[PDB]
Amino acid sequence: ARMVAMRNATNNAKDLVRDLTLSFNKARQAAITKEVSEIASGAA
Amino acid sequence: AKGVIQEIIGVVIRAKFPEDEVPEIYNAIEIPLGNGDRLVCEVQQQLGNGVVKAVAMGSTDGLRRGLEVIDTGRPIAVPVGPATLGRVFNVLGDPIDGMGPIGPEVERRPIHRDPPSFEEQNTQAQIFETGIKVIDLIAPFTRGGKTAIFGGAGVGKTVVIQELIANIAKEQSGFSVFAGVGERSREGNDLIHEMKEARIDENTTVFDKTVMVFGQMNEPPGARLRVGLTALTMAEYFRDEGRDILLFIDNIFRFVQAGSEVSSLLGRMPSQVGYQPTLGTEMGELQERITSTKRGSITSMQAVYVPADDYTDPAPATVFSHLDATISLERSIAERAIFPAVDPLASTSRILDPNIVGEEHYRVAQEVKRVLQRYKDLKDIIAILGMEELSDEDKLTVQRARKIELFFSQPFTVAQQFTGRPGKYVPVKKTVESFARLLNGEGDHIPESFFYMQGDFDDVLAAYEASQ
Amino acid sequence: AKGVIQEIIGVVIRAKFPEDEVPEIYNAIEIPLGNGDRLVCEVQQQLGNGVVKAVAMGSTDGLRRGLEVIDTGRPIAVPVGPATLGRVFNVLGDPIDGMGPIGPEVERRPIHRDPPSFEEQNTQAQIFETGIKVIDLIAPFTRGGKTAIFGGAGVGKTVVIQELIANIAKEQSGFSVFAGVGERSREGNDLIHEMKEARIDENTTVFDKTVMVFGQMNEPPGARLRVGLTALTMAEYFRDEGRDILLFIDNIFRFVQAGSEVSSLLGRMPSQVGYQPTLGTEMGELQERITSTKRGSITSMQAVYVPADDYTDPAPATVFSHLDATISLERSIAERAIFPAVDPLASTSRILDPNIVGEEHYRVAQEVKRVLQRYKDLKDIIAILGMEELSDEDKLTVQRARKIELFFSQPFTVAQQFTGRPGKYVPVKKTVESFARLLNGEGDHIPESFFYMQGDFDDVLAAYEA
Amino acid sequence: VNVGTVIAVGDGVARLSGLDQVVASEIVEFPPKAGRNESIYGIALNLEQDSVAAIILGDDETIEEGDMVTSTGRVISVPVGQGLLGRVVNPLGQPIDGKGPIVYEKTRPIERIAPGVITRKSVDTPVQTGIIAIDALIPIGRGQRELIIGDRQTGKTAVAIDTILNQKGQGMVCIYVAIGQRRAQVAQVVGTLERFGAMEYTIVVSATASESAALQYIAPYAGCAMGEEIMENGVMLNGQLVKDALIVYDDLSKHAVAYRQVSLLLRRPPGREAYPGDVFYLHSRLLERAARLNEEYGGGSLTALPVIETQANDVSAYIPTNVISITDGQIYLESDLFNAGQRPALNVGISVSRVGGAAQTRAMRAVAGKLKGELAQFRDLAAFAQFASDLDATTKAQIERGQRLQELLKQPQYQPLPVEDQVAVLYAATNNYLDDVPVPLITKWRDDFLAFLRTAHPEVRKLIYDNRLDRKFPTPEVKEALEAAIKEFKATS
Amino acid sequence: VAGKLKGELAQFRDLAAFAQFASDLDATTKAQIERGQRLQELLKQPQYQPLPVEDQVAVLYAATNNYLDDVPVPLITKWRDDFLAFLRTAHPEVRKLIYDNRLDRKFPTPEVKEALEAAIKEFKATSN
Ligand SMILES: Nc1ncnc2c1ncn2[C@@H]1O[C@H](COP(=O)(O)OP(=O)(O)OP(=O)(O)O)[C@@H](O)[C@H]1O
Ligand SMILES: [Mg+2]
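Residues numbered from 1 in each chain as written, not as in the entry; some residues may be left out. Chains lettered and ligands numbered in written order. Part of a larger assembly, values for the part shown. Heavy atoms only, no water. Residues with missing side-chain atoms left out of burial classes, pairs and counts.

A. Seen up close, the overall build of chain B. When helices and strands are tallied, chain B shows 13 helices and 20 strands. The C-alpha radius of gyration computed for chain B amounts to 25 Å, which stays within 12% of the reference 23 Å derived for 468 residues, consistent with globular compactness. Overall, the C-alpha framework of chain B stretches about 80 × 55 × 45 Å when taken along its three principal axes. Long-range pairs, those at least 24 residues apart, make up 71% of the contacts in chain B between residues at least 6 apart in sequence. (Helix = DSSP H or I, 4+ residues; strand = E, 2+ residues; numbered from the N terminus. Rg over C-alpha atoms; globule rule 2.2 N^0.38 Å. Contact = heavy atoms within 4.5 Å.)

B. Broad picture of helix α3 (residues 53–64) of chain E. All names here are of chain E. Taking 1.5 Å per residue as the helical rise, α3 with its twelve residues ought to reach 16 Å, and the 16 Å between its terminal C-alpha atoms agrees with that figure. The secondary structure elements touched by the buried residues of α3 are α1 (2–21), α2 (27–42), α4 (73–89), α5 (92–100), α6 (110–113) and α7 (117–126). Phi for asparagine 66, located one or two positions after α3, is positive at around 65°. (Expected span 1.5 Å × (residues − 1).)

C. Quick look at the sheet that holds strand β16 (residues 301–309) of chain D. Residue and element names in this part refer to chain D. Strand order in the open sheet formed by eight strands is β8-β12-β11-β15-β16-β10-β17-β18, and the pairing between neighbours is mixed. Unpaired on one side and paired on the other, β8 (88–89) and β18 (352–353) mark the two borders of the sheet. Its contacts with the sheet put helix α3 (residues 183–195) on β8, β11 (173–179) and β12 (202–207), and the angle it makes with β12 is roughly 175°. (Pairing = 2+ DSSP bridges. Axes fitted to C-alpha atoms, helices over the stretch in contact; angles between N-to-C directions.)

D. Quick look at the packing of aromatic side chains. Taken as a whole and assessed by the stated rule, the structure comprises 39 aromatic pairs over all chains. Seen from their ring centres, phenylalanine 128 of chain B and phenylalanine 141 of chain B are 5.2 Å apart, and the 70° between their planes marks the pair as edge-to-face. Within this pair, whereas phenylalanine 128 of chain B is found in the loop between β10 (126–127) and α1 (133–137), its partner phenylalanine 141 of chain B is found in the loop between α1 and β11 (142–143), the two being separated by 13 residues in sequence. Comparing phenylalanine 128 of chain B with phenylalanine 141 of chain B, the two get one shared label, buried. For the pair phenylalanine 175 of chain C and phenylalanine 238 of chain C, a centre-to-centre distance of 5.0 Å together with 50° between the ring planes defines the contact as tilted. Taken together, the residues span a long stretch of sequence, with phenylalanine 175 of chain C in strand β13 (residues 175–183) and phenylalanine 238 of chain C in helix α4 (residues 221–240) at a distance of 63 residues. Members of the aromatic cluster, connected to one another through ring pairs, are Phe407, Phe408, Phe435, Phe451 and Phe457 of chain B. Over the face of the ring belonging to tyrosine 305 of chain B we find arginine 254 of chain B, whose NZ or CZ atom lies 3.9 Å from the ring centre. The positively charged end of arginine 260 of chain D is found above the aromatic ring belonging to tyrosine 275 of chain D, 4.7 Å away from the centroid. (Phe/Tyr/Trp six-rings, centres within 6.5 Å; stacked < 30°, edge-to-face > 60°. Buried < 20%, exposed > 50% of the residue type's maximum accessible area, 1.4 Å probe, protein only. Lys NZ or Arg CZ within 6 Å of the ring centre and 35° of its normal.)

E. Highlighting the pattern of salt bridges. Taken as a whole, this structure holds 98 salt bridges over all chains when the rule is applied. Residues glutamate 232 of chain D and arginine 108 of chain D are paired through a salt bridge, measuring 3.9 Å at the closest nitrogen-oxygen approach. Taken together, the positions of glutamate 232 of chain D in helix α4 (residues 219–232) and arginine 108 of chain D in strand β9 (residues 106–109) put the pair 124 residues apart, joining distant regions of the chain. For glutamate 232 of chain D, a relative accessible area of 30% translates into the label partly exposed. A relative accessible area of 7% places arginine 108 of chain D in the buried class. The network of salt bridges with common partners includes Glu107, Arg109, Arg113, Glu236, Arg239, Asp240 and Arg289 of chain B. (Salt bridge = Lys/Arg side-chain N within 4 Å of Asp/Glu carboxyl O.)

F. Structural context of the pairing of β13 of chain C. All names here are of chain C. A large share of β13 lies buried, amounting to nine of its nine residues. Relative to strand β17 (residues 244–249), β13 runs parallel, the two sharing five bridges. Among the inter-strand pairings, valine 177 is bridged to a residue of β17, identified as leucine 247. Bridge analysis of β13 against strand β16 (residues 210–216) gives seven bridges, and the strand direction is parallel. Residue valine 181 lies in a different strand from β16, and its bridge partner there is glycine 215.

G. Representation of the UniProt feature "binding site: ATP" in chain B in the model. Residue and element names in this part refer to chain B. As recorded in UniProt, the feature "binding site: ATP" lies at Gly151, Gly152, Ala153, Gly154, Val155, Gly156, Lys157 and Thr158. Classification of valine 155 as buried rests on a relative accessible area of 2%. With residues up to four places along the chain from it excluded, the contact list for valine 155 reads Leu329, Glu330, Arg331 and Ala334. By the element assignment, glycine 156 lies in the loop between β12 (146–151) and α2 (157–168). (UniProt positions renumbered as here; feature names shortened; annotations may be inferred.)

Rendered as structure tokens:
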């Protein structure tokens, strides 16, 4: 039972890692966009 | 008077006037435009030797440089009074319904007025029953105060607004004003017309007690920018004479987005994500006019659209500080088929006070938040480890929290178009009693699926007995 | 013509011209370098009274303001024809190999052509038969359609490229163009030179059947931006003759990055994550001349480097918007000596639908992926408790899945001299029949071996008998 | 006074000095010169002092500094009428199919305000897409805005093309606007429309990826101008005057990208996701013109089917949420369902159509309401589906019923189903007449069943078609006839 | 007085990890987490009801010196309120004494220590 529970928990953790990776990449793209936007605004 | 257009940048028109006849900051100028119909622009800036920058509030896509502009000398004047009741207007105050134009004898008031002073502020407020369980329990709708719903694209802001209007528009005890700033002309209007004209209050329809100013998504930025001010001017007359006003503004965001487009065309230095530098001041100038004073009360219900699903966007972040009651609609709740979609933990209200709303109501609301706060604290543990690892009382609180989430769902009378569930009107007392019984333990044996799309607790019990 | 340099800011320069005869956009102005050599700059903007802003595409370190500039009156003229075959060029069309100049008799065409009109496009999509079993079954090519390959270059990507070139050369008209966009001078130029000259097919080396255009790392961003257009210009001559061309573009993301750098240098406002505002338009100028027309077809395989690991990043997103098939080379599949290390589960293709490749091809491909997907799910469980716990039939799927993934191996004619094994070209119909007959039950008694580096099922049986 | 000279050609914008008497959105001509036989047009937008910025509708390398420009005296407009029918054209109205020049009696100005609030009426007449799932759970009416939003290769274009194909005898003028699509995909769509003979009522406006960002920005507006002309004036189709049009804008995400490129090349301030601050205004003014006019204003309609491409099933992005807020209903096409084999992949749990439910044939909703209920039960019991032998008879029966319904919804491409066939199949499946049928062949069964009604009982199909407007569709005559039809077909099979 | 409060609250926050999951913790940790909950419930002050320095000092002394251990958590706040009423009615002199010598280096003066623990014990008998 512990083996099955840890298998399920590992699968859930991997799914959560995938979701968090998607969210982190979205945040990274947003941060780069914000940085370049404010740098271009300061330059102009 | 009698200037000439120099530049036409988008909907922003720069015009040169004589040196001693420059229009004021908020005056309205007019392009004859031929054909007997004229384009009414509103000055925004004064740039120098008779040059003024104005916002077209119109198509402004068929006029050339060098066209003459006539200075009216006054800001936009809209009709006010009982003559505006039961009529539909533009941003300019010109009716668009089939009925005739407003007569000259009707008073014309400028759409730009000072908000009520600090003396005139009326801080007295009381609960307004709306028949929606989550609204009347977690974030009570406030009579004489400012409230709004902040929802994403896919959530049901329009459904909630229409249900609210259907519930509270028959027993108005006063007139009402609806402003359709930046909203679909399919549902936002022309089917609120169908519902408002169908509703009858002792042989007088609800539409006969309503002033509706539109300026919707199709209009250029200027119309969406000043339609809110026009509606406020039409409602301030009724407030000043003592009549209670139900004010329903749609997508205050769309008001802010237009300001953003106007500022971008005006050449102002952009702030944050392309927004205007004068975002806070514009929001204040519009919202401080939406206040209940000592002469009359305005019961205002607003909607706010959050770009993408970002509640940290400057527009909703600016709105949040101008409200008595906040109701946050989340996409995650909506995608769970919970069509009310209100997040109890992100929805607050100032009148949720045991002196104002009642001791039992206050206790029930605080407990319904403490539960679902214990649930939000355990979302990850349930996600990874599962339900079993929690303690017994934690399991009970999580089960009750999920039951409460299902129970906040409620069918709406205006949702019959796409949902087969008949509408339900749950009084605030019934909602409080149902949630108190749910928190006590009654209904623990009931499966959670029986709390979905129900009214008070008696309906859930009856459904359970029907399922045996 | 005969302008004068007015401004030199890095690679971006400005040239003043008379009020008339101002060069158009993309007009390849030329600056004499005080000797036979010259610096070709491509005009990207027209400013005010005769001033044109251009990208250097060269060192631009020995230049002085006021130096003479000559307008060519046309975009970068790239030599085209059979003379380009077996030769290596840069973005400007100058041959960078040991051999001498191409010569004025050879036709030169503008780099900036236009994609084929709406009439010339093929109404239906035809499958391009590469001959590799895994490629032609799991992620079949599309004639005139783009294709992406994902790998770390240590998994035999060059072997697959050489095999495709050899197959098209021997079984079709067979001319290929390799665009080394952002190509390292050591890893990507001399190593590939030796590999292509050493690899031989029917007494002809692969290098003799391909045209190689290298926009190297050390070249300015404009050169790496326009090397792909140079390669398309070179391949379009062979496409116009009715031949079928394979265009191999290495790391199209480097083309995207060069475009972004050029846009940043020109002063244009940035878009999203440090990307050019003209990302979609620039990706459409490219990869739209890669189409299957009435006269001929250009099919392209393009290596794609994914920034970080984002398939939602704007550069891989814009690349994916123009892709018909993706091939995912994977390291573990290559660590075991399966050289065609195409990951069947990750690799997909648009043309793998019943209405094009046939119902039988679709049915077998799905079943091949289905058993492999079941094997991937049981990879955990087999390491969990051992193969014993697995139920029967599931035990068959694991046994069958290992055999089929070993059967994805295929001997290559370009690798004949290295491995001493003749190459086997397996047609798409033969591949479909062989894998269907593998799935239905035939060959189950055969062990996992005898499927390794084989051709059709017929080869697997004949070997088992012997 | 009507002629000017270009003083600068840059990022797709020419400055056009000295072009007085130009209105705020003319279509300047750039008359042909040596080396350019044809004329490329431009849209003047910044009518600033002593210079007129103009987007170049085409490749910007063609024109030079000092090139003569002629003002056409016309706000940006597209030719429209009946001549556009069956022709693939540029966003400028010029033909690209090569059949011949466009014959047009009049040109409609794009970029116009929508009819308005009063000049509208609630949708009543349904649009039959031909997909069981769409026509059952996501009703679409004439003059509404329904959004097809999905993740890359998931079938948005396939759904739009099936909807276009089905509108053969429905008196619709389908308009397909390809924004940013590669030329191969536009050619394949045109060929598919030609093979099924749907081009007799279809107008295709193509703005491909290779074309300038000037196009792909006015292409949806040209298509919407054509749709407005259909809606107001109407055209002659099959000998009758049709005033109902269906427009598919395809990828508006590519339209948003093109407008972002245009704005950034004009040095306009960026907003969220580097998109210009008025991209919502872009898509709203594009889509709001799709309306259902009331009787006094013509009674016409213009159904809009925008298509949005998301990344990693992120419906919370900027453009997808903008279009979701603008449109009336959404058709979420999940990639997981598409890969699982459910090719008409619809996330029916969270896909919805706010309006158009009342704009559905009474029969179709009568047989689809409890279908929706059963699918909801299947979605709820999918959690319990993992357990084996621990489920009672009711839950197992519900799971099997939901699987049967999902297999029924699975429909092959290029096979539209008439409304009578849809309602008959839904009746048979949802009134327990398909419980004995094994799941893997149900789809096959459907085809066979249709053939039965196509051969054995044409009168049953005709009677069902005539009795679709009645308040109570399951009238005794049609109910008995249909029940006899399924009983006869099951016995033979 | 507040040093023990801060230490116990920090230590309870530290053991929240074991509190969320573990149910086999020894009696020491159970009483420790219970004291942490006591102290947390002590701080659940209402609105517009400020407590002067002497009142807070008295309540914190009562809680930190184990005089509040027997009280269940949900009533603690009520307890506190009731306690204050006691000091506002039964014994104002103890509040005056606490306020008067709140600046001395050693606050728990034997004079202060008595008549306050006595007041707490008297309140304990009167209520529950
Ligand atoms: N119902 C269906 N049955 C079978 N195949 C389908 C079905 N719908 C779509 N497909 C196939 O799926 C693939 C992608 O569909 P489609 O051409 O509509 O693309 P899309 O998802 O709209 O987007 P994109 O234009 O970006 O490729 C095509 O090969 C098409 O034939
Ligand atoms: Mg598509």
